[PDB]
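Read through the structure below, which is laid out as structure tokens, and then see the notes.
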Amino acid sequence: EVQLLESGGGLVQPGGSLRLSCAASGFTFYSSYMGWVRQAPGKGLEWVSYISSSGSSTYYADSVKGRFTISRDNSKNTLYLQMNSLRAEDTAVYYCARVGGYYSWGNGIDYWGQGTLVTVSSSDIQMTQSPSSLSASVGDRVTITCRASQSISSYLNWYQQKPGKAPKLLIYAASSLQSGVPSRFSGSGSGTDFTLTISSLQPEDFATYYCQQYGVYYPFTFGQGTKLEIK
Amino acid sequence: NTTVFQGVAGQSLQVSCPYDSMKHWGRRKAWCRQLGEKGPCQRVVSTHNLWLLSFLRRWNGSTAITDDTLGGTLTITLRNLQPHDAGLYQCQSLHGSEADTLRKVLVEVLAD
Ligand SMILES: *[C@@H]1O[C@H](CO)[C@@H](O)[C@H](O)[C@H]1NC(C)=O
């Protein structure tokens, strides 16, 4: 039922503007916060913008700050991102994102859109993942670590991006699993160092895994990512 | 619709809830968090048990509550606002086994 369809991606010459419109279906739009998150081609995630339930609270990343303008229409269930005065490094896949909290930030970006490609012809809290690459076999216990600079207590979220497909929320609040997540996944951690564990690895788990700070400090920064590929 | 109350993270936000001082005379007040359209309202703070000492700030976590009884005004003060403090909230008048909703307020937190 739930679907998010982005529109407006493509090629734009530098300096020009571009609008991205996201159509939302199958849930309560006026109650959930919304956002846009980007992924540079073959690179990690990066949050772009977030907008409030009432639309009267916008939060842009420092890079796009001053240039992009997030917007929304609850009567039409649409989420806009106006990228005026674009730049050459802005190019990436842009992902329409639901927050999944009844007027609250909730647990994390639960449902992602499939994203549209936007190309252009030519302090912070560091979240670092150990390792970056990893080659495993089917049925191997795998452990991934995520480190924060300043303490974040228990407000960590793990997302799992399949090859080429959109991400999806795996672990919320570091400890607990999202509804529907298989039993084998096990998240854990507190403070600065957190760990995710795959017990008895299954074939469909080979993918990229990202961590994110979600709840304490408004730089909701993502992790650099760990690529669990096949041996 | 409902009123939106914006606050900058790390700063304090003072929410006001006027009520009929005579209709709710002798009834304590509460400030709770709405968990859904039909979901329950999870209590955050409540005025002091004694109805006389309700004007003072009862503190739970980082949320204080004062209740001007004679003037009839429920003030809530959220100090050091955090992103997880964002959400929909209810001012309530508690009587017996029931709670009447004085005002529904959306609390949003901004960055700096
Ligand atoms: C204080 O807040 C916590 C967190 O919501 C809640 O569980 C508790 O019941 C509150 N205490 C009172 C006295 O309302």
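The chains in the structure tokens are called A, B, ... from first to last as shown; in each chain the residues are counted from 1, and the ligands are counted from 1 in the order shown.
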
Item checked: Site check for ligand 1: residues at most 7 Å away, only C-alpha atoms and all ligand atoms, as a ChimeraX atom specification -> /B:42-46,60-61

Checklist line | Counting only C-alpha atoms, chain B residues within 12 Å of chain A, as an NGL selection string | finding: :B and (1-10 or 33-40 or 80-89 or 105-112)

Note to self: Under the rule that only C-alpha atoms are counted, which of B:15, B:32, B:65, B:78 is the nearest residue to residue B:100?
What the structure shows: B:32

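All residues of protein, DNA or RNA that reach within 12 Å of stretch 161-164 of chain A, judged by only C-alpha atoms and not counting those fewer than 5 positions away in the chain, are residues 39, 41, 42, 43, 44, 45, 93, 111, 112, 114, 115, 169, 170, 203, 204, 205, 206, 207, 208, 209, 210, 211, 225, 226, 227, 228 and 229 of chain A.
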
Next item on the list: Rank nothing, just name the residue among A:64, A:152, A:83, A:23 nearest to residue A:48, using only C-alpha atoms.
Entry: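 That would be A:64, the residue with the smallest distance to residue A:48.
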
Next item on the list: Determine the nearest neighbour of residue B:23 from the options B:59, B:97, B:72, B:90, counting only C-alpha atoms.
Entry: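 So, comparing all the options, the nearest one is B:72.
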
Margin query: Taking only C-alpha atoms into account, name the residue in A:3, A:17, A:183, A:202 that is nearest to residue A:136.
Written below: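 For residue A:136, the nearest of the given residues is A:202.
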
Check: Per DSSP on the backbone, what are the strand (DSSP E or B) residues of chain B, as JSON, numbers by chain?
Finding: {"B": [3, 4, 5, 6, 7, 8, 13, 14, 15, 16, 17, 18, 28, 29, 30, 31, 32, 33, 34, 41, 42, 43, 44, 45, 46, 58, 59, 60, 63, 64, 65, 66, 67, 68, 73, 74, 75, 76, 77, 78, 87, 88, 89, 90, 91, 92, 93, 94, 95, 98, 99, 100, 101, 102, 103, 104, 105, 106, 107, 108, 109, 110]}

Next item on the list: Would you please work out which residue, of B:102, B:70, B:41, B:94, is nearest to residue B:27 when using only C-alpha atoms?
Entry: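 Looking at the shortest contact to residue B:27, the residue is B:94.
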
Next item on the list: Just list the residues in chain B DSSP gives helix (DSSP H, G or I) on the backbone, as number ranges by chain.
Entry: B: 52-55, 83-85
